[PDB]
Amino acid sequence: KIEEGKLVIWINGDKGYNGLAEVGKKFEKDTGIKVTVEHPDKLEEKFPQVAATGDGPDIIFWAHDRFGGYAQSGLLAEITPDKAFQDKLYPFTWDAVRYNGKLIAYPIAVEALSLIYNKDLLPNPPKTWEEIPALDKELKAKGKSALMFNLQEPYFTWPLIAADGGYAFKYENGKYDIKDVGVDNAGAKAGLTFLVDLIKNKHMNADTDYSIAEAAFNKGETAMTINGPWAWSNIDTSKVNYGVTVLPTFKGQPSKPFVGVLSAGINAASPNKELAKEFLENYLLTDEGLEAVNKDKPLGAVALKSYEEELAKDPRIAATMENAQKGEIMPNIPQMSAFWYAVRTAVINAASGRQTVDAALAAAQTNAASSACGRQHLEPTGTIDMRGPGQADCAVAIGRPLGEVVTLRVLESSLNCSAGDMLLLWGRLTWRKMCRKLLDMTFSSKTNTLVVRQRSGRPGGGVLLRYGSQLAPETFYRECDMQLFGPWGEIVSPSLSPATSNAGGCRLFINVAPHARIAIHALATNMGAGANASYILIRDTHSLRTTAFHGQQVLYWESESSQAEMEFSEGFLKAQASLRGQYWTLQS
């Protein structure tokens, strides 16, 4: 699907592709072979699907974090340089591109977020994070902002969360303990509580972007931004007289920015292996080579010992290297993907004040754990990557409270459609089944629950989709109806006043994770002394078998579904009876 005697490359748009392409053109002249350099959007999420097919580029450039999943996926080919070549590079960088004791990617440069500040507006920058909100006011006065950086990507926000506490995948016994990540630790929660403070206290817009912030700082609208070596190239062309210093310090600790190693991976399917090795070792990883690239957009600390000794002189590096030291290297594994999406949501959901910092991180912590076919729920946003799951029968449930509805957008699709692969959005009052053109089309529940089966036999054939919630466009649940739907929990009869709306008894929806049944133990009182009147009925939402409870005391009942609801009789409410108990799950 890729063709021979020619190299294709996917670098990130926010890096020097013009400079690289220049190296490709000198390579094209001396070698005599074509070099094409694309920079497609979302290439981090897209290269997998496209190389997984056997197509994609001959080379790919990305920070070493994603490369472990790519290696695990079988997409990457084993790079095997001579001791003579390996000795020209900081062996620390080789240690970032080594999966299962195999090198999978050529290391190019070490990046890390520094603090960039306008020397003009700000002569001395802040030492602490804590002294910015004061500094914002002191710049609101002058009609300005102290700090603007991308709050969408987590890479940027992470340093402040990880300053005090906050880790991702512990290093225990010289390995990453995937069952033990920091995310929901008081250090992280306090670190994220502070970011939320600044948005709350109107110092940072809850939705700044990279372009927004890159332009706001470059114009001089804002005093500080947070960015890596690639960013300077455009700030330079704004004559801002900008500084690059150490990140400010949270709760006494310094900020801990993740360290990226830009690494150039070679595609499993590439019939041009020999050339890629020839291009990167002989041509790109050379002082003459790396200069060209650093020029268009600065690389920062380079893998090449020879050429890194020079940049070390410029203090923009030194600031970065000093920031690199305070922070930790990026885990070079697959579960990074799970980790990333989990945090991005945790930021967004809680930065959009639709999630408590605790609630957001706790959800994010559990999200970086096992398989994707569990249950999502009580998350404004969410990114379910059901691609290449263990069962190709990946069912997953979403749950917001009453008064809300669920949005859903498919982001990537690698389903067979024809064999029988398809999606399925079963709802209370919704139902949709699809394949074919499901890409980039918005779907909607009409209610607070939603569940999404994925029938696809292709081992790595699954879909990646993002979801959200929205305010009830109409609303029609009569308030008193409550919604409790967790792994397990408490049960209380609701009540209402003698007048209000007597017609229609309240219900109680409890929807749980799929392929799990809900169990109800509960005891009810105040019923008092044909079957009379005033009772409680219970059934699964999509079943007609309703077991009622007439003049009862203690009651036990099991679902045969994730979805369930029990209804309280208009009689039972008018007669003022009450019920309490617990509910649980996990039984298939």
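The first residue of the sequence shown is number 1, and the count goes up from there.
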| item | value |
| --- | --- |
| Between neighbours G530 and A529, residues that the deposited sequence lists but the model omits | 1 to 3 |
| Entry-level comparison of average CA B-factors, 139-147 and 329-337, reporting the higher stretch | 139-147 |
| Mean temperature factor over C-alpha atoms, higher-scoring stretch between 401-409 and 174-182 | 174-182 |
| Out of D481, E322, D95, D82, residue topping the C-alpha B-factor column of the entry | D481 |
| Out of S543, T36, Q563, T547, highest CA B-factor residue | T36 |
| Record-listed C-alpha B factor of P271: chain third | middle |
| Ranked C-alpha temperature factor of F194 among modelled chain residues, by third | middle |
| CA B-factor placement of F47, once the chain's modelled residues are sorted into thirds | middle |
| CA B-factor placement of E490, once the chain's modelled residues are sorted into thirds | lowest |
| Ranked C-alpha temperature factor of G551 among modelled chain residues, by third | highest |
